[PDB]
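Participant: Sequence isn't available, so here's the structure alone:
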């Protein structure tokens, strides 16, 4: 069951990092 | 640099075993012990890493 | 009565079990990583290892 | 022009010393992050 929690948390960090793309929009502004 | 990467990227696979408290509860155990271990064991299993907070600071 | 008569866990007998749990914790937390010894001399890394806990 | 020790502005990269050095000084700093988390989770309660 811990593996299920592992995969879920694993994808969370990915989405949180890709959010850095939003920071790029800050520079353009 | 390579060591830290291998250190962080080391994979852990040991087939975490499942605990059947009912089996131990039935065969033999000290009254209140098998149940006390289960309730305390389950409490810590709920705790998990907070990947979100770390994802932001880095 | 058989609950206690059959298994008469003494204070010291259960005490030894509790010490193993504590010993397992201290070993798990205090366990520091084993990387290149003579290369991890940075002020930051050594500071972390000292406060590893 | 203020915070880089170089004898010229004609920067020529022929080795990755300055690059890897700044990575080990950066990725290492974030060590103990998981062990620190284990302290909180494990110091929460005693299994016994």
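Facilitator: Yep, that arrived. Numbers count the residues shown, from 1 in each chain, chains lettered A, B, ... in the order given.
Participant: Which secondary structure elements does the helix or strand harbouring residue A:17 sit against?
Facilitator: Using DSSP states H and E, residue A:17 sits in helix A:2-18. Under the contact definition 3 or more Cβ pairs under 8 Å, 6 or more residues apart in numbering or on different chains; DSSP states H and E, helix A:2-18 sits against helix B:51-57. C-beta coordinates here come from the backbone N, C-alpha and C atoms, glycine included.
Participant: what about the helix it packs on and chain C, touching?
Facilitator: No. For helix B:51-57 and chain C, the contact criterion (Cβ under 8 Å from any Cβ of the partner chain) is not met; the two come no nearer than 15.8 Å.
Participant: can that helix be found next to chain D?
Facilitator: Yes. On the criterion Cβ under 8 Å from any Cβ, helix B:51-57 is in touch with chain D at residue B:54.
Participant: what comes into contact with that helix?
Facilitator: A:9-10, A:12-13, A:16-17, D:33 (Cβ atoms under 8 Å, 6 or more residues apart in numbering or on different chains).
Participant: Show me which of the residues you listed are buried.
Facilitator: residue A:16 (16 or more other Cβ atoms under 10 Å in any protein chain shown).
Participant: show me the contacts for residue 29.
Facilitator: Just so you know, I chose chain A. Under the criterion of Cβ under 8 Å, 6+ apart, the contact list for residue A:29 is empty.
Participant: that's the other chain; I wanted chain D
Facilitator: Residues counted as contacts of residue D:29 (Cβ under 8 Å, 6+ apart) are residue C:44.
Participant: Give me the nearest residue to residue C:51, chain neighbours excluded.
Facilitator: Nearest residue to residue C:51, sequence neighbours excluded (Cβ to Cβ, 6 or more residues apart in numbering or on different chains): residue D:32, at 8.0 Å.
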